[PDB]
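Heads up: the protein sequence lines correspond to chains C, G, H, D, F, B, A and E, in order.
Residue numbering for the first sequence follows PDB author numbering, beginning at 6 and increasing consecutively.
Residue numbering for the second sequence follows PDB author numbering, beginning at 6 and increasing consecutively.
Residue numbering for the third sequence follows PDB author numbering, beginning at 32 and increasing consecutively.
Residue numbering for the fourth sequence follows PDB author numbering, beginning at 32 and increasing consecutively.
Residue numbering for the fifth sequence follows PDB author numbering, beginning at 18 and increasing consecutively.
Residue numbering for the sixth sequence follows PDB author numbering, beginning at 18 and increasing consecutively.
Residue numbering for the seventh sequence follows PDB author numbering, beginning at 37 and increasing consecutively.
Residue numbering for the eighth sequence follows PDB author numbering, beginning at 37 and increasing consecutively.
We put the CB at the ideal spot given by N, CA and C, even for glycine.
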Amino acid sequence: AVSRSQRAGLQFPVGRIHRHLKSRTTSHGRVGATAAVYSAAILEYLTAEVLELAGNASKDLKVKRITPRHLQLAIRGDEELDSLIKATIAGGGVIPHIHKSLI
Amino acid sequence: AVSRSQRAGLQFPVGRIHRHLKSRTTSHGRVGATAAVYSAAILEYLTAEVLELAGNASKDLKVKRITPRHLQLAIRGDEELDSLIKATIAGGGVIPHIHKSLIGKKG
Amino acid sequence: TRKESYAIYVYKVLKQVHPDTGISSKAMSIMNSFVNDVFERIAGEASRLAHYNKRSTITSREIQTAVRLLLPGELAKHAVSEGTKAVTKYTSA
Amino acid sequence: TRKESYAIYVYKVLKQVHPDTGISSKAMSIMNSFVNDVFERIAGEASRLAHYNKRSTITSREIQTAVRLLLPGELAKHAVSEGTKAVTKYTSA
Amino acid sequence: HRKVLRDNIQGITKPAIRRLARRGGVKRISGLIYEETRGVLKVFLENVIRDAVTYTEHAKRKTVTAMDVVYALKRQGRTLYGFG
Amino acid sequence: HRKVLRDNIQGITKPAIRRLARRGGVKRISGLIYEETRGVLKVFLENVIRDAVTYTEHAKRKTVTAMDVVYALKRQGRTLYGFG
Amino acid sequence: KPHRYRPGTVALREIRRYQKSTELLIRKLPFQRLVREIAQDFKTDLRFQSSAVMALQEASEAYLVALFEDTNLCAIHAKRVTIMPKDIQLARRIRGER
Amino acid sequence: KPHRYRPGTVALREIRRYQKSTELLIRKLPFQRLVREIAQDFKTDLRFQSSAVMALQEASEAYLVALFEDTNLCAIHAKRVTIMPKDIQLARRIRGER
DNA sequence: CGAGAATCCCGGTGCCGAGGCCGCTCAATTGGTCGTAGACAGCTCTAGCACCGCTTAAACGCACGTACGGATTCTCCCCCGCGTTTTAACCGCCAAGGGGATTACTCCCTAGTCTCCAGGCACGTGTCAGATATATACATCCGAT
DNA sequence: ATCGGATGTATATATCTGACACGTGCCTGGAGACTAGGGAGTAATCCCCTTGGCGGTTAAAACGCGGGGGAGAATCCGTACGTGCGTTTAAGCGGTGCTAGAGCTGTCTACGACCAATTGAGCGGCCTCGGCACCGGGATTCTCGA
């Protein structure tokens with residue numbers, strides 16, 4: 006018995022996502038096996054993309070663990086991720102910026 | 006063989022809406038019979054609400070038929086309907102309005 | 032090659048409200064699109080509401096909560112009044 | 032009562048991409064919510080697109096088109112490359 | 018078992034509004050800003066609480082929940098992360 | 018069979034931009050407004066046309082359709098009535 | 037001297053005319069050529085439907101009119117009567133586009 | 037004479053402090069009381085979860101901060117340094133709220 | 001503080017699009033059966049609500065001063081209005097062929113049902129990452145020269 | 001330009017704790033093995049409509065020029081808001097108590113789906129004449145300068 010998540014060389018579950026996908030179709034939907042694997046790789050790439058940026062900011066602050074403050078810095082620091090993610094992070098604060106006229 | 010849409014005293018279909026609803030639910034999803042009847046009543050009321058205001062706007066222009074321009078005048082003129090319908094009417098124009106400061110000669 | 036539309040129902044409602052008024056083809060198409068838009072919004076809201084509470088069916092309670100969530104104020108109260116009157120009429124019939 | 036979460040997989044990815052840094056509970060919850068949001072968007076777009084073409088099957092083409100429609104630019108390009116590599120790796124086994 | 022509240026919008030004090038404005042990044046504030054902000058906040062809270070109360074009414078419950086608040090915020094297109 | 022187009026953005030002329038502004042309800046127009054408007058229109062058209070092309074490419078077709086255009090506009094939250 | 041109007045009254049007359057009228061404002065053939073020029077980048081050798089082109093023109097004009105109205109609001113707020121590129125940029129920035 | 041700062045520097049110092057900080061700014065008990073009073077109109081004799089109240093507080097604070105940023109942008113555009121109710125109204129109007 | 005120009009009504013002519021009629025066909029109705037979704041009833045026990053007292057951080061009211069918002073002139077140059085000369089959009093007509101829309105045939109991919117056992121979830125425990133003071137070191141701020 | 005006290009702010013020091021991180025034990029859900037059938041791919045064909053081109057016409061665009069009104073820059077007044085101090089208020093934290101109400105498990109019971117006729121409702125095609133578009137001629141109302 007070889008797990009489907011290991012045949013494709015991924016970390017995210019494939020069978021669990023296949024179950025979730027089949028429960029969100031329209032009253033008769035058939036879900037292909039290949040569809041779940043394609044969607045699993047998308048989630049893994051995006052998760053690995055954010056944690057790369059957040060981890061970089063944590064090292065710059067000479068700290069080890071990642072807090073919600075670091076997640077806000079990475080997302081707002083990125084231009085694409087900022088466009089993709091418009092939700093509000095709890096406890097994330099704001100990016101420091103002062104306009105030229107006020108000084 | 007009485008109609009199901011006639012038992013509820015409506016004009017919109019009930020069997021057709023029930024079929025449409027059943028092909029929109031999630032997997033292994035059921036649809037109650039009274040859900041179609043309740044949903045058809047809302048659709049008829051909203052259609053009757055819009056059409057009444059459109060006819061009133063048309064009648065002040067001494068015309069007999071309703072054009073897309075009359076739909077824009079009725080929808081944008083009303084308050085609650087405007088907050089509900091945000092789409093673009095093809096050929097509906099705009100509502101005439103000029104700002105107070107733009108009108109020159111200070112009069 | 033059969034298409035489906037709401038043209039006859041829109042015409043019946045129009046003849047009910049304004050007995051001596053016409054309609055243009057473009058206006059009829061716009062009305063069809065608007066009706067489809069509302070129907071789709073209501074269906075999506077009802078399906079999401081049913082999924083939230085781990086249910087598996089769509090009922091008048093789901094539809095009423097959806098229309099209360101969508102329609103604002105006066106429209107919402109009048110619409111739920113017509114809905115419940117239609118439902119009790121259908122049930123008594 | 033058992034509750035399902037993505038915490039284990041998120042921690043696996045974090046350990047792969049940064050072998051020393053850790054995570055906090057609030058950050059893990061935020062990542063869980065973000066993953067759920069993305070998955071919901073992808074599923075909704077794929078289902079709508081499949082209904083749009085008078086079909087009833089969700090295969091890889093709809094998901095690829097959905098991620099192309101949603102993700103912008105080089106994010107979409109890299110995601111498509113990763114997805115097709117994963118698909119070929121699966122089929123060639 | 019129950020109680021009544023008569024006027025609670027004055028609990029949003031002037032220093033609190035000043036601190037919010039400082040975090041937003043403004044340098045000098047007028048006088049009517051406090052009243053305008055109180056009105057705007059009241060409107061926003063009324064909308065969100067109405068949606069949340071509808072959600073908790075539909076479920077035949079008696080206590081409002083953070084999950085219902087999150088659903089209401091998502092419905093208004095103001096998605097919030099970090100609460101489920 | 019095919020051809021090429023070198024610079025077609027100049028077809029949006031100054032009288033056309035002025036008429037759009039008049040319908041919008043402005044009284045006096047500056048000089049750089051035309052170039053700025055051309056840039057904005059180009060960006061908006063690029064986004065909408067890219068979405069429509071993705072939609073028509075998914076269906077293995079070769080002709081773009083009004084249904085695809087309407088679908089792209091709805092996906093961008095700019096729903097249009099009067100075309101199906 | 038020949039009859040000459042003052043700056044502004046003819047502008048107001050055009051405002052009234054184009055606010056009560058309801059037809060298209062941009063030339064159809066140049067718009068079609070621009071649409072084809074833009075679309076040839078994504079995929080080569082495409083064909084179009086007249087209804088699709090008309091829908092694109094409709095949406096473009098509606099968006100431009102809305103943006104111009106917001107720009108006029110900004111210009112009125114800044115105690116001026118002329119719209120400016122900075123007004124356009126401020127409106128687009130507040131609306132959350134770029 | 038006692039040392040006195042010029043008007044303005046303390047404002048900038050507070051800006052830096054509250055921009056680098058990441059905690060809440062309004063008093064939790066008055067916010068709770070206001071939320072309960074507002075919610076009492078729609079239904080009588082409700083109960084609340086502390087997580088729900090906190091989530092409402094965070095959402096309200098984020099909305100207020102964003103609105104104040106937009107208002108400051110409007111005030112800067114109007115060639116001023118002080119924010120005004122007209123700036124607030126213009127920002128809310130352009131964002132399409134009322 | 002009148003005459004020229006733009007607009008608004010008013011009447012006549014024609015024309016093609018909305019409304020009604022007819023044929024038809026396919027999906028809404030009606031019984032009858034059957035499986036399971038959930039509507040209640042009962043029970044557990046979690047936490048939301050309500051007091052009580054001490055600490056002290058933070059609103060609150062008052063004084064004073066200064067700097068920023070309007071108000072007022074003043075200059076110049078930039079966009080508006082109008083007349084001439086190009087130009088290419090528009091309409092009508094024709095022509096050819098690519099590609100969209102159906103139809104029939106076949107095949108293969110996925111859902112369903114058993115077996116089976118091993119990744120994830122709950123729970124418990126440890127130790128070290130990070131709050132917290134804090135005593136300097138110093139980087140600006142503003143009055144004075 | 002100094003220059004120089006005053007004072008917020010950043011650093012490198014113990015210290016103490018509670019919060020991540022890992023080890024364990026299940027157990028519910030993911031992974032093979034057949035089987036059936038229904039949806040989708042593929043090939044063939046019809047014909048709609050999209051593209052390309054030609055010619056006349058005229059409305060619209062481009063160009064140029066005169067000038068008047070609006071944008072922007074300086075200059076002043078004064079008043080409203082920021083900065084400090086001394087009081088006064090209630091938020092906050094730490095306990096204790098208690099019951100209303102959120103979850104969790106079982107039981108039928110009443111719902112809704114499937115299936116086989118079957119027939120009327122609604123869609124497609126066809127007319128037709130009247131609502132509406134267009135054109136021409138007065139009537140009226142602004143508007144600018146004597």
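- Excluding its 5 nearest sequence neighbours in each direction, residue 109 of chain A has C-beta neighbours in its own chain below 8 Å: 127, listed in chain order.
- Residue pairing from DSSP places residue 81 of chain F in a beta bridge opposite E:84.
- In the three-state reduction of the DSSP assignment, residue 97 of chain B falls in the strand class, which pools E and B.
- Chain-order list of chain G residues neighbouring residue 40 of chain B: 99, by C-beta distance under 8 Å.
- The beta carbon of residue 100 of chain C sits closer than 6 Å to those of 81, all from its chain and outside the five residues before and after it, given in chain order.
- Across the structure, residue 41 of chain F and residue 38 of chain A are spaced so that their CA atoms are roughly 58 Å apart.
- Distance from residue 61 of chain D to residue 51 of chain C at the Cβ level is roughly 14 Å; contact not present, criterion being Cβ atoms closer than 8 Å.
- Its chain contains 76 as the residues whose beta carbon lies nearer than 7 Å to that of residue 100 of chain H, once the 5 sequence neighbours on both sides are disregarded; these appear in chain order.
- Between the region 92 to 111 of chain A and the region 37 to 53 of chain B, the count of Cβ pairs shorter than 8 Å is three or higher; the stretches touch.
- Nearest CB-CB separation between residue 46 of chain A and chain B: not below the 8 Å threshold.
- Taking the beta carbon of residue 99 of chain H as reference, the chain F residues within 7 Å of it are 71, listed in sequence order.
- Judged by DSSP in its simplified three-state form, residue 29 of chain F adopts coil rather than helix or strand.
- DSSP, reduced to helix, strand and coil, places residue 62 of chain E outside both helices and strands of the structure shown, so it counts as coil.
- Between residue 32 of chain C and residue 14 of chain G, the C-beta spacing is not below 8 Å.
- When the Cα atoms are used, residue 98 of chain D and residue 54 of chain C turn out to be separated by approximately 16 Å.
- Per DSSP, residue 54 of chain F is one residue of the alpha helix (DSSP H) stretching across 50 to 75.
- Here residue 18 of chain C has 10 as same chain residues with Cβ atoms under 6 Å from its own Cβ, once five neighbours each way along the sequence are excluded.
- Within the region 44 to 61 of chain F, the residues whose Cβ lies closer than 7 Å to any Cβ of chain C are, in chain order, 44.
- Chain order gives the chain F residues near residue 93 of chain C as 90, 95, 96, 97, 98, 99, where near means a beta carbon separation below 9 Å.
- Contact between residue 79 of chain F and residue 83 of chain E holds: their C-beta atoms lie close to 6 Å from each other, under 8 Å.
- When the five nearest sequence neighbours on each side are left out, the beta carbons in the same chain lying within less than 6 Å of the beta carbon of residue 93 of chain A are those of 67, in order along the chain.
- The beta carbons of residue 118 of chain E and residue 35 of chain F sit no closer together than 8 Å.
- Three or more pairs of CB atoms, one per stretch, sit closer than 8 Å, so the region 37 to 49 of chain G contacts the region 77 to 94 of chain H.
- A residue is called buried once 16 or more other Cβ atoms fall within 10 Å of its Cβ, and residue 73 of chain B is buried on that count.
- Residue state for residue 71 of chain A is assigned as helix, using DSSP reduced to three classes.
- Nothing from the region 102 to 122 of chain H brings a Cβ to less than 8 Å from some Cβ of chain F.
- CA-to-CA, the gap between residue 95 of chain A and residue 24 of chain B works out to about 22 Å.
- Residue 36 of chain C is bridged by DSSP to D:89.
- As the crow flies, the alpha-carbon of residue 89 of chain G is around 32 Å from that of residue 87 of chain D.
- Neighbourhood of residue 103 of chain G in chain H, by CB distance below 9 Å: empty, with the nearest CB roughly 28 Å away.
- Contacts between residue 74 of chain A and chain G, judged by CB atoms closer than 9 Å, are missing: the closest CB pair is about 21 Å apart.
- In the structure shown, residue 112 of chain A falls within a helical segment according to DSSP collapsed to helix, strand and coil.
- Per DSSP, residue 43 of chain B lies in no alpha helix (DSSP H) segment and is marked neither H nor E.
- Counting only the Cα atoms, residue 56 of chain G lies some 11 Å from residue 43 of chain H.
- Residues of chain B whose Cβ lies closer than 9 Å to the Cβ of residue 73 of chain G are, in chain order, 98, 99.
- Residue pairing of residue 118 of chain E in beta bridges, as defined by DSSP: F:45.
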